[PDB]
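Enquirer: Take this structure first; my questions come after.
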Amino acid sequence: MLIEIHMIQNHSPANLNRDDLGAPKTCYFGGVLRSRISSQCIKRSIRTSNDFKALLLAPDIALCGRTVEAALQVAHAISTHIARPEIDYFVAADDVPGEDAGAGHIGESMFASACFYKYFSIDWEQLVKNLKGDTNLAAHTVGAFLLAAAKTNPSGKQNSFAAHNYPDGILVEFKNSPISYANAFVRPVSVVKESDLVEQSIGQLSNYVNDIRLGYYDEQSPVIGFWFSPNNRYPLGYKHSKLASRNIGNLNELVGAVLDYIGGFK
Amino acid sequence: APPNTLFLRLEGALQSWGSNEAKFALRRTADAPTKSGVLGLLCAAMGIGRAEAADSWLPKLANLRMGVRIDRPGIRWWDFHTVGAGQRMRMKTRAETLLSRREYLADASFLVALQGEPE
Amino acid sequence: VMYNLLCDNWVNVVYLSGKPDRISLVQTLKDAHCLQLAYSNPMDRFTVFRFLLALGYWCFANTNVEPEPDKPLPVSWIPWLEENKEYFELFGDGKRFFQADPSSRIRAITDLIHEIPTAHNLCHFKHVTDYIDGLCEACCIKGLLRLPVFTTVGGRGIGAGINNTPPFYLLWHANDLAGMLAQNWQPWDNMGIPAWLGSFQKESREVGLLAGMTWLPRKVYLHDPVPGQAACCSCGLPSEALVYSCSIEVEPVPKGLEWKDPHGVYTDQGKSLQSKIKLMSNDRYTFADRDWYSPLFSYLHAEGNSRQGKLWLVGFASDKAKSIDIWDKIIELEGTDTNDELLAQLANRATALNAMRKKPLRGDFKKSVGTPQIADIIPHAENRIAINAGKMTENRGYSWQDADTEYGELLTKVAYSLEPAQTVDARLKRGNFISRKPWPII
Amino acid sequence: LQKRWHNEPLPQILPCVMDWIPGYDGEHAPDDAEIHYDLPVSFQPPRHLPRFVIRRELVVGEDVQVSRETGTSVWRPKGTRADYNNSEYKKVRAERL
Ligand SMILES: [Zn+2]
Numbered sequence: 001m002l003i004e005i006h007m008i009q010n011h012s013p014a015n016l017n018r019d020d021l022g023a024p025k026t027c028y029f030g031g032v033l034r035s036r037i038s039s040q041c042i043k044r045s046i047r048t049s050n051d052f053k054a055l056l138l139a140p141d142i143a144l145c146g147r166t167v168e169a170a171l172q173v174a175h176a177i178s179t180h181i182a183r184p185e186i187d188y189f190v191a192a193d194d195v196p197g198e199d200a201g202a203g204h205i206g207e208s209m210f211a212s213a214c215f216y217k218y219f220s221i222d223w224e225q226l227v228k229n230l231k232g233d234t235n236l237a238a239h240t241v242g243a244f245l246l247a248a249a250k251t252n253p254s255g256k257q258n259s260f261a262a263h264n265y266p267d268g269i270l271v272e273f274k275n276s277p278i279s280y281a282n283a284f285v286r287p288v289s290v291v292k293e294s295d296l297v298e299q300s301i302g303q304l305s306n307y308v309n310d311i312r313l314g315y316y317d318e319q320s321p322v323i324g325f326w327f328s329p330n331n332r333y334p335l336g337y338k339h340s341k342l343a344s345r346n347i348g349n350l351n352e353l354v355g356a357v358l359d360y361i362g363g364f365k
Numbered sequence: 003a004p005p006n007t008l009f010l011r012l013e014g015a016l017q018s019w020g021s022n023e024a025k026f027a028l029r030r031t032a033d034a035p036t037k038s039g040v041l042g043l044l045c046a047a048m049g050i051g052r053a054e055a056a057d058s059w060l061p062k063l064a065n066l067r068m069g070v071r072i073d074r075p076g077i078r079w080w081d082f083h084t085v086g087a088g089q090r091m092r093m119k120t121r122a123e124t125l126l127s128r129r130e131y132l133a134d135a136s137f138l139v140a141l142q143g144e145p146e
Numbered sequence: 080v081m082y083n084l085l086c087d088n089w090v091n092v093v094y095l096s097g098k099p100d101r102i103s104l105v106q107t108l109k110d111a112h113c114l115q116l117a118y119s120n121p122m123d124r125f126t127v128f129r130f131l132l133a134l135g136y137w138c139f140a141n142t143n144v145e146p147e148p149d150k151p152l153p154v155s156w157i158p159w160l161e162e163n164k165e166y167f168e169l170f171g172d173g174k175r176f177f178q179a180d181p182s183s184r185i186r187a188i189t190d191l192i193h194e195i196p197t198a199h200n201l202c203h204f205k206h207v208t209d210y211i212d213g214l215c216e217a218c219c220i221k222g223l224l225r226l227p228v229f230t231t232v233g234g235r236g237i238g239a240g241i242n243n244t245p246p247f248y249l250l251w252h253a254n255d256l257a258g259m260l261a262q263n264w265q266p267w268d269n270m271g272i273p274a275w276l277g278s279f280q281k282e283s284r285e286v287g288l289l290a291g292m293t294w295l296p297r298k299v300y301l302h303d304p305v306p307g308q309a310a311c312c313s314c315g316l317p318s319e320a321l322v323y324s325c326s327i328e329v330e331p332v333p334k335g336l337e338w339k340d341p342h343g344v345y346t347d348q349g350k351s352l353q354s355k356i357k358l359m360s361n362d363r364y365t366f367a368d369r370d371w372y373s374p375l376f377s378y379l380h381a382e383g384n385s386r387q388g389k390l391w392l393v394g395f396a397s398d399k400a401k402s403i404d405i406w407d408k409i410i411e412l413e414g415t416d417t418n419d420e421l422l423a424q425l426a427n428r429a430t431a432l433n434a435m436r437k438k439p440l441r442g443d444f445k446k447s448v449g450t451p452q453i454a455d456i457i458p459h460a461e462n463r464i465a466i467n468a469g470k471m472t473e474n475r476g477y478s479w480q481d482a483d484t485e486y487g488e489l490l491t492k493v494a495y496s497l498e499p500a501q502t503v504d505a506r507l508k509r510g511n512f513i514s515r516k517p518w519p520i521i
Numbered sequence: 195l196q197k198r199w200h201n202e203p204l205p206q207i208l209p210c211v212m213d214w215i216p217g218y219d220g221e222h223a224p225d226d227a228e229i230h231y232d233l234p235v236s237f238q239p240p241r242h243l244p245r246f247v248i249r250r251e252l253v254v255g256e257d258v259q260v261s262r263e264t265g266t267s268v269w270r271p272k273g274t275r276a277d278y279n280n281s282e283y284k285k286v287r288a289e290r291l
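Residue numbers (the deposited numbering), protein chains in the order written: chain Z, 1 to 56, 138 to 147, 166 to 365; chain H, 3 to 93, 119 to 146; chain C, 80 to 521; chain S, 195 to 291.
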C-alpha cells in the first residue's frame with residue numbers, strides 16, 4: 001500500500017525559488033504558465049530543518146536518500180492558477196551627502212504570489228524494509244515528517260519578503276496505484292467575489308476527487324482519506340456522500356488518525 | 003481470443019525520458035518514451051531489483067513489440083539545478124557547488140502498446 | 080594477454096537485419112556493406128570512423144586499390160592487414176599500438192575518458208573511485224583512439240593536442256560503413272608516417288596526413304590485466320579480465336606547425352571554432368541548446384560542399400580543462416548554392432537570441448537581465464525550428480522571417496502572465512509583447 | 195482519444211513511433227528508419243544497444259475516435275435556489291405561525 005499527501009498552500013508575495021537570472025521558477029500546464037517550486041528545494045528545506053532534526138539505519142537516511168533507495172517522493176510544486184510575476188524597483192541610499200542626490204545603486208528584483216499544490220508519497224514497504232522490520236520508529240518518522248512538512252518553508256529571500264504562511268488544506272490518502280491530482284487545476288482558478296483563492300482551489304480538488312471516485316476507483320478496494328483544515332476552516336465537499344472520511348481541525352488529531360490507521364501505534 | 007497486448011497511459015504534469023546524448027551535466031530527454039525507460043517502469047512495478055533484472059526479466063521482455071502514439075506533444079522546459087550548496091561534495120571531499128540543467132516535458136501524454144505473450 | 084585488435088572482437092556493430100554484435104576489424108572490413116557502427120557516445124563513433132578512414136588510407140597507399148562507390152569491399156585489403164599483425168599489439172612488450180615508453184607519472188586508467196570523473200572531478204552522475212573500477216580491452220582501444228581529436232589541457236606543465244582546443248568536427252553520412260567510407264573518401268598528397276608504425280621522429284614543418292590524423296599528443300603505457308569479477312564502467316559488459324591502471328606522459332606540441340584536419344571548422348583567423356554551449360546563461364550568453372547553427376558558414380565556404388549528402392556534425396564543447404557537453408545532429412542537404420548574407424546571419428544566431436531576452440521595458444542601462452521568462456520558452460522554440468535545419472541553411476523553403484512565427488504562439492502565453500490585468504492598456508502591452516521577434520545582425 | 199475541457203482543440207495528425215519489424219522477407223530496413231539506443235541489458239552497470247525505429251502517423255476521427263469528457267466543471271460556490279410555491283415551505287410557514 002502507498003500513502004499520499006496532497007497539500008494546498010497560499011503564499012504571500014515573495015521569491016521562494018530563483019534561477020540563474022533571479023526570476024521565480026515557472027512551468028507550463030493547462031495551456032498557461034504557472035509558478036513553480038522545484039522539488040529538490042522542498043526536499044532540502046524539509047531535510048535540513050533544525051526543529052525537524054531536534055525532533056527525531139538513521140531515520141533521515143531511511144526516509145530520504147543517502166543501493167539505499169528512498170521511500171520519499173516529492174513532486175514539483177505546481178500552482179493552481181496563472182503565474183503573475185512582478186518587478187520591484189529598488190534604489191540604494193547613501194548616508195553621506197554629495198554634490199548631487201545620487202543613489203549608489205539602482206536595480207530591479209522579482210517576486211510572485213501563488214497558491215501552490217504539493218504532492219508527496221511514502222512507500223511503507225520500502226520504509227519498513229529500510230529499518231529491518233521496525234514499525235514504531237517508521238510511524239514515528241512518518242509523523243515527524245508530517246509535522247515538519249506542515250510547518251516548514253524555503254529560505255529563499257525570506258529576509259526581505261518573509262512569506263511564513265501556513266497550509267490551508269491537507270488530504271492524506273491510502274491507496275495502491277500512484278495518481279496525483281494535478282489534473283484538477285487544468286483549468287486555472289479564476290477568483291470571484293464570493294470565494295477566496297484557497298476556497299476555490301479546495302473546491303476544485305473536491306470536484307476532481309468526486310469525479311474520479313465516480314469513475315475508476317470501483318468497489319475493488321475502498322480508499323481511506325482524511326481531510327484537514329485549521330479549526331475546520333474549509334470543508335472539502337460539504338456532505339457529498341462523505342467524499343472525505345473525516346474532517347479534522349488540528350494537526351495532532353490528523354497525525355494520530357493516520358498513525359492509528361497505519362499501525363494503531365500512539 | 004485471449005488478449006495479447008498491454009496498453010500504458012503515460013501522462014503527467016512533468017515528464018522526462020532521458021536521451022543517450024546527455025553523458026554530462028546537461029541532462030536531456032527524448033520526445034517519446036524510450037523502450038528501456040518503460041522496461042524499467044515495468045520492472046519497478048514487478049518489484050525486480052537492478053541486479054535481478056539483468057539475468058532473465060529483461061531478455062524475456064525484450065522480445066515484445068512496442069509502439070507509442072502521441073496524444074499531446076508537450077513543451078520542453080528546462081530547470082537550473084544546483085547540488086551541494088552550503089555542503090561538501092564527494093571527491119576526499121570539496122566545499123563546492125555543482126551546476127546542472129535538467130530538461131522535462133510539460134503537459135504531454137503518450138499511449139504505449141506492448142504486444143507479446145498472453146501470459 | 081597480447082590481445083591483437085585484428086583478431087579480437089572489440090568494435091560494437093549493429094547489423095541491418097536487427098542483430099547487434101561485437102565483432103573484430105577484419106570482419107568489419109569484410110561486411111562494411113552490411114553493418115553500422117553502434118556507439119552511444121557520438122565522440123566514440125566519430126573517432127572510430129576516423130580510425131577506419133586512416134586504415135583505409137594506409138591500405139590504399141600500400142595496395143593501390145581505390146575504393147569505388149556502391150561496392151561491398153575493395154579486395155586484397157584483408158591480406159595486407161594480415162601482413163602487419165605484429166604492429167597493432169596490446170600488452171606483452173615489444174611493439175605496442177598507440178603505446179609509448181613507460182614512465183613514473185602513474186594515473187588511473189579513467190584519466191583518458193572524459194565522461195567518467197577522476198582526479199578531483201566531482202562524482203555525482205557516475206559513482207566511481209580511482210584504481211577501483213576497470214575497463215575491458217575494447218573500451219581500452221576506444222579510449223586510446225581518442226587523443227588526437229578529443230584531448231584537452233591539464234594543469235601546470237600540461238598542454239593540449241595538435242588541434243589546440245577541440246573544435247567542431249564535420250563530415251558526411253550514409254546508410255552503411257562502405258557507403259560512409261566512399262562518401263568520405265579523399266586521398267591527400269603527403270601520407271606521412273602513421274603512429275601505429277612507431278617512427279614519430281617527424282621534426283618537419285609540413286605534417287602529413289597519417290602523421291597528423293594519428294598524432295598522439297601524449298605518451299602512454301597501459302598496464303597488465305588484473306583478475307577479478309566486476310563490470311566495465313563505460314559499457315557494463317560483465318568481464319573478468321579488467322585492467323585497472325596506466326602510465327601517462329605529456330608530449331608538447333611544437334609551435335610553427337601546420338596541420339589541418341580535413342573534417343574541422345576554423346574561424347576567420349584559423350582559431351579552431353568551438354561549440355559555444357554553457358549551463359549558466361550569463362550576461363553575454365543565453366541558453367538555447369543545439370549549437371548546430373554556428374559552423375555552417377566556415378564549412379560551407381571552403382571545399383566542404385558536396386551538394387547532396389547528410390552532415391554528421393559531432394559537437395563537443397568544453398571550457399579550459401572541463402568538458403561541458405557532447406551532442407550530434409544529422410542535416411540533409413541537396414545543393415542549391417545560396418548567398419552569404421543569410422548564411423552569415425544564420426551563423427550568428429547565438430547573439431540574436433541574447434538580444435531578444437535582454438530587452439526590458441524600463442530605463443536601466445545594459446547592467447540588466449531583461450525579461451527572464453522569454454529565456455524559458457527560447458529552447459523549445461529553437462528545438463522546434465531545428466527540425467528544418469537543412470531548409471534553413473539552403474534557404475529554399477525556410478527563412479528567418481518564416482521561423483519567427485514559432486515564437487508567436489509561445490509568446491502569447493507569456494504575455495498573459497506579464498500583463499495580467501483586463502484593462503485596455505494591459506491588452507495594448509500584451510499586443511506589443513507578441514511582436515518581439517529576433518533580429519539577425521552581424 | 196480523451197478530451198479535456200470543452201473549448202480545448204485537438205491535434206489533427208497524431209505521430210506514432212513504432213519498432214521496425216523485419217518479417218524475415220524485407221531483411222533490410224528502409225532509409226527512413228533511424229537508430230535509437232534504448233535496448234537495455236542491465237541497470238546497475240547500465241548497458242544499452244541500438245534498435246531500428248520507424249515513424250508513421252494517424253488521422254484523428256478516421257483512426258482514433260474522440261472520446262467525451264467526464265461530468266465535471268470548475269468549482270463554483272452554491273448559489274442556492276428559491277421556491278415558495280413549494281408545498282413543504284407552504285407547510286413550514288404554517289408550523290411557524
Ligand atoms: Zn567496457
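Don't be surprised by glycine CBs; every beta carbon is placed ideally from N, CA and C.
Ordered along the chain, which non-local residues of its own chain (more than five positions away) have a Cβ less than 8 angstroms from that of H/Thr-7?
Expert: Walking along the second sequence from the start, residue 7 of chain H turns up at place 5. Within the same chain, H/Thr-7 has close Cβ partners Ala-140, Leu-141, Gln-142, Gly-143.
Enquirer: From C/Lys-399 to H/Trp-80, what does the alpha carbon distance come to, in whole angstroms?
Expert: Along the third sequence, read from residue 1 onward, the residue named residue 399 of chain C stands at position 320. Along the second sequence, read from residue 1 onward, the residue named residue 80 of chain H stands at position 78. Taking the straight line joining both Cα atoms gives about 25 angstroms.
Enquirer: Taking 7 angstroms as the CB-CB cut-off, is C/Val-207 touching chain Z?
Expert: To locate residue 207 of chain C, count along the third sequence from 1; it is residue 128. No, its Cβ sits nowhere closer than 7 angstroms to a Cβ of chain Z.
Enquirer: Please look up how many angstroms separate the CB atoms of Z/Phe-52 and Z/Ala-238, rounded, as I've assumed it's under 8 angstroms.
Expert: Counted from its first residue, the first sequence places residue 52 of chain Z at position 52. Counted from its first residue, the first sequence places residue 238 of chain Z at position 139. 16 angstroms between Cβ atoms; not a contact.
Enquirer: What is the rounded straight-line gap between the Cα of S/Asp-226 and the Cα of S/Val-247?
Expert: The count along the fourth sequence starts at 1 and reaches residue 226 of chain S at position 32. The count along the fourth sequence starts at 1 and reaches residue 247 of chain S at position 53. So the alpha carbons of these two residues sit roughly 9 angstroms apart.
Enquirer: Could you name the residues, in chain order, whose CB is less than 7 angstroms away from a heavy atom belonging to ligand 1?
Expert: Working through the chain, the matches are C/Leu-214, C/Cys-215, C/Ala-217, C/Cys-218, C/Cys-311, C/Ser-313, C/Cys-314, C/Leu-316.
Enquirer: Using a Cβ cut-off of 8 angstroms, which residues of the stretch 23-46 of chain Z contact any Cβ in chain C, in chain order?
Expert: Cβ contacts with chain C: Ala-23, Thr-26, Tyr-28, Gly-31, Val-32, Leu-33.
Enquirer: Mind checking whether C/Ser-496 and Z/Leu-33 have CB atoms under 7 angstroms apart?
Expert: The count along the third sequence starts at 1 and reaches residue 496 of chain C at position 417. The count along the first sequence starts at 1 and reaches residue 33 of chain Z at position 33. Contact flag set, yes.
Enquirer: Residues of chain Z with CB closer than 9 angstroms to the CB of C/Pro-458, please, in chain order.
Expert: As a working mapping, residue 458 of chain C is identified with position 379 in the third sequence. Ordered by position in chain Z, no residue passes the 9 angstroms Cβ test against C/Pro-458, which lies about 12 angstroms from the chain.
Enquirer: Looking at the strands, I want to know which residues DSSP matches up with C/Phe-128.
Expert: Numbered from its first residue, the third sequence carries residue 128 of chain C at position 49. Its beta-bridge partners do not exist; DSSP assigns none.
Enquirer: Roughly how many angstroms lie between the CA atoms of C/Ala-187 and C/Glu-194, to the nearest whole one?
Expert: Position 108 of the third sequence, counted from the first residue, corresponds to residue 187 of chain C. Position 115 of the third sequence, counted from the first residue, corresponds to residue 194 of chain C. Cα to Cα, the separation comes out at about 14 angstroms.
Enquirer: Check C/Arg-184 in the structure and name its three-state DSSP category.
Expert: Counted from its first residue, the third sequence places residue 184 of chain C at position 105. Three-state result, C/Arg-184: coil.
Enquirer: By the criterion of Cβ-Cβ separation under 8 angstroms, what are the contact partners of S/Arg-249 in chain C?
Expert: As a working mapping, residue 249 of chain S is identified with position 55 in the fourth sequence. Here the premise fails: no neighbours, minimum Cβ distance about 12 angstroms.
Enquirer: Can you tell me which residues form a DSSP beta bridge with C/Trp-251?
Expert: On the third sequence, position 172 is the one that residue 251 of chain C refers to. According to DSSP, which records beta bridges pairwise, C/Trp-251 is partnered with C/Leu-390.
Enquirer: Please give the ranges of any beta strand (DSSP E) in the stretch 280-332 of chain Z, keeping only runs that are unbroken, at least 3 residues long and fully inside the region.
Expert: For the stretch 280-332 of chain Z, whole beta strand (DSSP E) runs of length 3 or above, ordered along the chain, are 323-327.
Enquirer: Ignoring anything shorter than 3 residues, give me the beta strand (DSSP E) runs that lie fully in the stretch 374-427 of chain C, in order along the chain.
Expert: Segments of the beta strand (DSSP E) lying fully in the stretch 374-427 of chain C: 388-390, 393-397, 402-407, 410-412.
Enquirer: Would a check of beta-carbon distances place H/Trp-59 closer than 7 angstroms to chain C?
Expert: Working through the second sequence from its first residue, we reach residue 59 of chain H at position 57. Chain C, which has no Cβ nearer than 7 angstroms to the Cβ of H/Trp-59, makes this no.
Enquirer: Could you tell me whether the Cβ atoms of Z/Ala-356 and Z/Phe-325 are closer together than 7 angstroms?
Expert: In the first sequence, residue 356 of chain Z corresponds to position 257, counting from 1. In the first sequence, residue 325 of chain Z corresponds to position 226, counting from 1. The answer is yes: Cβ separation under 7 angstroms.
Enquirer: For Z/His-175, which residues in the same chain have their Cβ closer than 8 angstroms to its Cβ, ignoring the five residues on either side in sequence?
Expert: In the first sequence, counting from the first residue as 1, residue 175 of chain Z sits at position 76. Taken in chain order, the residues that qualify are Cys-27, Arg-36, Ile-37, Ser-38, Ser-39.
Enquirer: Does any residue of chain H bring its CB to less than 7 angstroms from the CB of C/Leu-358?
Expert: Counted from its first residue, the third sequence places residue 358 of chain C at position 279. So yes, C/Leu-358 belongs to the interface.
Enquirer: Closer than 7 angstroms by beta-carbon distance: list the chain H residues that pair up with S/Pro-216, in chain order.
Expert: The residue labelled residue 216 of chain S in the question sits at position 22 within the fourth sequence. Near S/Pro-216 there are no residues of chain H at all, since even the closest Cβ is about 11 angstroms away, more than 7 angstroms.
Enquirer: Closer than 7 angstroms between beta carbons: that is the criterion. Which residues of the stretch 398-425 of chain C meet it against chain H?
Expert: Residues passing the 7 angstroms Cβ filter: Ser-402, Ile-403, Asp-404, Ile-405, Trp-406, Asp-407.
Enquirer: Tell me which same chain residues have a C-beta within less than 8 angstroms of the C-beta of Z/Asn-15, skipping the five on either side of it?
Expert: Here residue 15 of chain Z refers to the residue found at position 15 of the first sequence. Around Z/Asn-15: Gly-22, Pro-24, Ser-208, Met-209, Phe-210, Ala-211, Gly-255, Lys-256, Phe-260.
Enquirer: Spell out a yes or no on whether the stretch 93-104 of chain C and the stretch 19-32 of chain H are touching, meaning 3 or more CB-CB pairs, one atom from each, closer than 8 angstroms.
Expert: Short answer: they don't touch.
Enquirer: Check each candidate in Z/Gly-232, Z/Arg-345, Z/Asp-222, Z/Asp-194 and name the one with the smallest Cα separation from Z/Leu-138.
Expert: To locate residue 138 of chain Z, count along the first sequence from 1; it is residue 57. The shortest C-alpha separation from Z/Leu-138 is found at Z/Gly-232.
Enquirer: Pick out whichever of Z/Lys-365, Z/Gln-319, Z/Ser-305 has its Cα sitting closest to the Cα of Z/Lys-341.
Expert: Here residue 341 of chain Z corresponds to residue number 242 of the first sequence, with the count starting at 1. Cα-wise, what sits closest to Z/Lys-341 is Z/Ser-305.
Enquirer: Can C/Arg-428 and C/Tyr-372 be called in contact, C-beta distance under 7 angstroms?
Expert: Along the third sequence, read from residue 1 onward, the residue named residue 428 of chain C stands at position 349. Along the third sequence, read from residue 1 onward, the residue named residue 372 of chain C stands at position 293. Yes.
Enquirer: Run the proximity test for Z/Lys-365: is its beta-carbon closer than 6 angstroms to any non-hydrogen atom belonging to ligand 3?
Expert: The model on display carries ligand 1 but not ligand 3.
Enquirer: Counting C-beta neighbours from all protein chains within 10 Å, is the total for C/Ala-500 16 or more, i.e. buried, or is it exposed?
Expert: In the third sequence, the residue the question calls residue 500 of chain C occupies position 421. The residue in question, C/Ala-500, is exposed, as its Cβ has fewer than 16 Cβ neighbours within 10 Å.
Enquirer: Identify the contact partners of S/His-222 in chain C, using a Cβ-Cβ distance below 8 angstroms as the criterion.
Expert: As a working mapping, residue 222 of chain S is identified with position 28 in the fourth sequence. Under the 8 angstroms cutoff, chain C gives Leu-95, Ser-96.
Enquirer: What is the DSSP secondary structure of Z/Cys-214, reduced to helix, strand or coil?
Expert: Against the first sequence, residue 214 of chain Z aligns to sequence position 115. Note: Z/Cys-214 maps to strand in three-state DSSP.
Enquirer: Determine the extent of the beta strand (DSSP E) in which C/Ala-310 is found, giving its start and end residues.
Expert: As a working mapping, residue 310 of chain C is identified with position 231 in the third sequence. Run containing C/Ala-310: 305-310, per the beta strand (DSSP E) assignment.
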